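Okay, so here's the structure we're looking at.
Below, chain A is the first sequence line, B the second, and so on; all start at residue 1. Worth knowing before you read on, the calculation uses all heavy atoms, side chains too, and leaves out hydrogens, waters and symmetry mates.
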Amino acid sequence: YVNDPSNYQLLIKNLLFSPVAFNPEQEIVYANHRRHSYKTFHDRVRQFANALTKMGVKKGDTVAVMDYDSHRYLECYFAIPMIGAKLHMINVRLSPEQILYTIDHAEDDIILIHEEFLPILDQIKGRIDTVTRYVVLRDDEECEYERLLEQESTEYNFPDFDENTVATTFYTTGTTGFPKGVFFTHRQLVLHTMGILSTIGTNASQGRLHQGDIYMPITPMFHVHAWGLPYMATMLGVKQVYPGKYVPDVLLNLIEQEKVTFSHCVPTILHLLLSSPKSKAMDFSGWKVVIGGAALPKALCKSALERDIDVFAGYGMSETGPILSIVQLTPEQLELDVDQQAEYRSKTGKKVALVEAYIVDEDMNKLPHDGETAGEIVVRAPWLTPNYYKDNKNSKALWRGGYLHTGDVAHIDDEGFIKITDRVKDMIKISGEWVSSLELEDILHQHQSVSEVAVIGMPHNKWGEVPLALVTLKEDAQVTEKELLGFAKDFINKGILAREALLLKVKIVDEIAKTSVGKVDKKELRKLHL
Amino acid sequence: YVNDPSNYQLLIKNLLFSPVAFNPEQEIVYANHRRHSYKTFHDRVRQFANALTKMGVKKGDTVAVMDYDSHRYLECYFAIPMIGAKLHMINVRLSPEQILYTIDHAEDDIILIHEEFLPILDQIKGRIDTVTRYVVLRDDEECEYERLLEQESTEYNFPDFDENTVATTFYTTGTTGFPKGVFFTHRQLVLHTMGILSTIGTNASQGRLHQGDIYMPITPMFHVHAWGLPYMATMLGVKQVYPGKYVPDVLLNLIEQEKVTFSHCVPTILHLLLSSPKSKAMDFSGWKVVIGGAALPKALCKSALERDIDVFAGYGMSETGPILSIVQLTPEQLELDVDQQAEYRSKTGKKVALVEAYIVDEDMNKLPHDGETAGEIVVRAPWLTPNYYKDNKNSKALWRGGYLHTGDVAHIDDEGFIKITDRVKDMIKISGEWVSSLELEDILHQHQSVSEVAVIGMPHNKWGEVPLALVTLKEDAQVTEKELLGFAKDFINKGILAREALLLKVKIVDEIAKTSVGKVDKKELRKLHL
Amino acid sequence: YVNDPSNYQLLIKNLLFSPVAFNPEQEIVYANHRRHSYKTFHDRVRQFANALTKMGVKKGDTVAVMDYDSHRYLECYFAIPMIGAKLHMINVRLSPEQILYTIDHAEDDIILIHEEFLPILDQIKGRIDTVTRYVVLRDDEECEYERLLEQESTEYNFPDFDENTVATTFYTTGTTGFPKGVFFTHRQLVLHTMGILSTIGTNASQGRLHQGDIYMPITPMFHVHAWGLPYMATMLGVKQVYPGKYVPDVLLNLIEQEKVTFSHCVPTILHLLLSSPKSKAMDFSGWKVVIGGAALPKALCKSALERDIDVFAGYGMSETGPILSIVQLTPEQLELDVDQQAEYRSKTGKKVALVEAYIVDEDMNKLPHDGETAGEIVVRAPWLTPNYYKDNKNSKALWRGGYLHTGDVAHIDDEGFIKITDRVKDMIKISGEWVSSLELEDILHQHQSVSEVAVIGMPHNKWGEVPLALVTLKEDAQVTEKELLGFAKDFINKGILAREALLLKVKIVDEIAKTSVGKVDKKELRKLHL
Ligand SMILES: Nc1ncnc2c1ncn2[C@@H]1O[C@H](COP(=O)(O)OP(=O)(O)OP(=O)(O)O)[C@@H](O)[C@H]1O
Ligand SMILES: Nc1ncnc2c1ncn2[C@@H]1O[C@H](COP(=O)(O)OP(=O)(O)OP(=O)(O)O)[C@@H](O)[C@H]1O
Ligand SMILES: Nc1ncnc2c1ncn2[C@@H]1O[C@H](COP(=O)(O)OP(=O)(O)OP(=O)(O)O)[C@@H](O)[C@H]1O
């Protein structure tokens, strides 16, 4: 690659070595395990580049990582792409067969794997063909990664290549029959970092990430680049605490002891942290979790705002950066009380710098932002995957009409607030309308005798795709289908016929099929019952 | 231009229509003249695009602007580049012959000119060949720009082109025999905006620009893109106040009445504002001027910090964005008293996100950042001009060794603070060393009987390029050359022989040649005396 | 595609419409189901092209077929490639998960499927994404293919395209973790047809295919193009009988009634046909089966030659045409008695026209054709797959050293006879030598008390990869491991130490893991026991 120095390329090494701030005595902390400064972190990154080069890793190669959140994962975020290789982030919560599929599909050359994921490997290792080396990672001195790093020099000259070289890849299960692979370039990751820093860095006084913060992730580093936050923290040169495996007591201790002020997580882990007993005597009033990944419920938001936590939501997916929108509150909206707060903070948010985000219908017509007209969200941004790796027909559907299709159904306010209402697939196509299964499920779950409910589409010749319910009861709880029907038929203010209560078809089921991720399997649910 | 929607191009229209924040009721204020909201501003930008298209302006064309800071200049910053044309910003403080040269060199098609610069035009209009239309701008209803805009529609579909299309150009006098033309692309301006927003937006608590600020420029909009601040303010959607022609009373009233909180200026105007009588009864403790363009003196910095002004310096040039470095203070450095503050705040600063900035010697060897070793600053950044327009030999010297040569001589601290010490040309090459003329000039001007001094290089056969002084005395003030020599020879702690006092050669001169910009002409000074 | 008529392209349509012989009253017979002449067959091929075009099938598309051997499969062999589409032949003996994988990997647009394979589909249909139409095939009038064909015209102008356009694809399980996809072009299939017709057509008086023969396949049409024989039969214009689903009574009746004279099959089906009772009163002395796919055993060859059957073997794989070599006997070798005959006829054969076929060692050195030195067979021919579809690392290993690696271990005679001795993977790497597991297995199975044996590689620190046995006993049969050891240790004339009897390690096991194809799983066998 011959480059003229005038033609600036946006590479991840510029992110590491041309930061917003660099303090060589700031520290990276791994749990109660290890602790070292930013000068050691830079040295270790160069050593890791030396070690990878010694193993025969080249510019086009793929190195796969399977570990928890640690300093080693942070070093892989930089060293692998800076040598020109491609970081394949393995989703360890998939089943072994899916994991084997993604390793075969990506064609990894080396696998870095934690010792306590060696049992998943034991049952798929006979079928792996492309992998020449396995490096076992441990939390003590017996780590093979530490031994590899120790015998290398702290010197390395990182190459210059085109900014459009692929940097990372990971696989998303979604709604297809096999996992799909997304990928991003150096330019896209660099631009995601600066775009989000421009958006949440400039907020007047709520929900801002700045150079005085202390960062600790609580959302996996293999999911969406950990929302890109490990890159933005490094760019800001702030203290970074890595908890390892998520255990609520350990997490609460790390927050108290290392004085964490910025995190991301998902509603389940936040509920676990707040409902822990050890959390009752803890000061939380300097902490700023952003909750992405699932809809933040208003009840959880309210419970968190009474502990003085600056909780807010964000939106994104595997195909999109991940960040597309965040909730940011004006000085007047900060004057409201906890209920009007909890309403705003639970929204999907407003779109970030350099994002388009229209709501459209099935034929790609743009719907008004009136506050109630719903449609599918389609986006244009500087950091979207152009297609699925090694895939054509699914890629065409991803980018239909010149926009990226998120698969989520929402309405937008006239002031720009986005409220996701359901999924495109999950929408019931009764008669001629589209009711959301989410609101009906939420109504039914409000019952004092219900633990879970799913809503699916059964058919009808007269009203087409019509609603149906599965309900699961609690300890020694028995409420019939007809009673549930009446309870639902109570409510008012809905569409269709009357307010949609003649097709509820509620059924009580011991269990609802759930994936390995813990999300109810709507595909198998509609396979079994019909 | 055919683009696939996947391939995202970084254009200025995305800056206008994909902001960090958009409030359609936020306002743009022109002095006491006009006031309208952001919704009117977007409408006017589309109208201006319609009007330019009607005049035959095409993608490659050049529109030249000659006005003060106003809303019209802000509209030209967006409309001209968004149609694909090139905005040539005319430096109205140059002499008429230089202005004529730059108009001929750039080959402008249309000229927008304020009525009170029509006398400069009257004497160069006979020699302009390429210009087909002159639009006269006025501060009342008789403006030709307002009439052109009124008869257009508020609708316009802005094209998509390559991100490497040139957006702006302007000319810098510098050290050559004619002005040199620099140019920037859409990608470079967009990246300058996000890089600076990432740097100064994320500061913990001092010197930050955010979405709650009110912006008013006090540095010309034709100089360096006004430090890029008009783009960053628009991106943040904050209130923007344009003062027009700089008069200190009007400026102080605008600060008081519109509640301005962020500005940029140069030391002379700041001294005028602080030394005004009307400024004695004014609250200044929410104002954050950044002083670039010349070295901020410690005495001015101290006088400003006792009025509670958040004053800080920044560094950049016509060839470089303009921003390369800014002073940003840590929470501990904010605990210091006004003297240790005034020391830090007057430094050139630390480099911003995505900037390299080495100090080097004459043969391109990198000098240590020990705190006192000086050398020329050379930089790499995403927003540097690749060459001078229509120029080859000077362009080769600009990028010698694969780095951009700034022409400034500085040392860097081990913590990253840059202190500019002099110019490369102005360095005295006595014997084998390089003394700075700036420190000697500063010493000599400390005298209670001196109004100004210049230091230049006279020659010597024995000590080569040796120092020489020109001094100008005050009202009825007479101090001989020998007395000045003794006064200088007093001081201690310097290099060369003894502490360099045998070649001072001080001469008293009624005047020192000054350019139209007001900067002492070192070239003519060394032409006259030798 | 613009072609000059001078530049002749080798396309499959030339095979159909420029044959060696065309008799429009010759007939295609499907079992006891249907019967029509070659003029109807050409008309139906044009109708099928019309129907496929009406469904939106284009030049690059993929149509997948899942049926038994019938006239419809023969029509798919021509119509799909002649329109420029790609025929994906689905292996219905794979498990449903593998079938689903190959459908996803190939990205089929339409699926033609027989009604009695609809239960495999029912359990993978929820996970198929790319398929827009399913055409159900039946053996009566209710076939959807017949209905589609009836409403089309018998006219169609077939395009001219490049001869290097892909025509067919199918997937082979082999030794990797997922099935691999091979593909062939029009040129390759045409050249395979003429090369084999040149080889076996010109034989003096044994084992020749000519224009007076009657052809009936007994090896699946989805396996290797049915050894390319359906193309060669059509080219010769001979009568073609398709039996449908292989049932020995039906097959014997078809041979007797339609007077079949040329077939291909595998040893198991031939053993079933010869050992049937209905076969005892059948004249077989005009029939010429070629046995490929597995090694033809000498005992089966001898039993077939006493019924006066012209039995001979052939060699090929999914990656190679399939044909690479056939046994062809000289007039002197036809004078030998049934034992010396059965020896020659069971060999792998000699290579066919335009085939290279060297035996090599692990470092790609060419071994002598002395008659006993063994090595891996590597080939060059006009009809080999250049790589695996969507695959890089496995493709590199397929073509290592500039030759295609078959994975089989054989020695070659000085007269050119090839005798395959084992697989490359199955070779035991004891000490420094390579014994074949096949000869040891054959010895052990000779025991009067054994039903099956497998030999695998257990390890040893002293002799490296050393032999091990699994044995299964017959009805109420019990012979210990030590007795088996002694029985084996009897024999003489072998290598290593003594004659290799100290590491036999025989174990009696109720069952030996078998794949869905019925081939013993050596991979799982070495996974379980070690
Ligand atoms: N703030 C939010 N509110 C509501 N839904 C959200 C929010 N953030 C993310 N989501 C949902 O999670 C999706 C993120 O995409 P992702 O890559 O994680 O797919 P996925 O986790 O693999 O889905 P699945 O488990 O079904 O296979 C979004 O498309 C959206 O459906
Ligand atoms: N904070 C600062 N401290 C010291 N010098 C500075 C600072 N900022 C800018 N400068 C000086 O002003 C220069 C900016 O470049 P610029 O485009 O303005 O050239 P110029 O104004 O046309 O020079 P001239 O008047 O001599 O022709 C810098 O190279 C540097 O010399
Ligand atoms: N005449 C023959 N003698 C011995 N072995 C043969 C003969 N013909 C074919 N074979 C074997 O069958 C192989 C043909 O390749 P093929 O495409 O059928 O792989 P496969 O059937 O899918 O193997 P597997 O079941 O293990 O997955 C040859 O490589 C060879 O091992």
Part of [X] within contact of chain C (heavy atom distance under 4.5 Å):
X	answer
A:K390	both
A:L100	both
A:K393	both

Inter-residue atom distance [X].[atom1] - [Y].[atom2], 0.5 Å rounding:
X	Y	atom1	atom2	value
C:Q123	A:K527	CD	NZ	10.5 Å
C:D391	A:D104	CG	CG	7.5 Å
C:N394	A:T130	CG	OG1	7.5 Å
C:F178	A:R127	CZ	CZ	6.5 Å

Query raised in the report: Can any side-chain N or O of C:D129 pair as donor or acceptor with the backbone N or O of A:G177 at less than 3.5 Å?
Result: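 Side chain of C:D129 to backbone of A:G177: a pair is present.
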**Report entry** chain A interface, residue from C:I124, C:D109, C:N392 that has the most non-hydrogen pairs under 4.5 Å
**Finding:**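 That would be C:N392.
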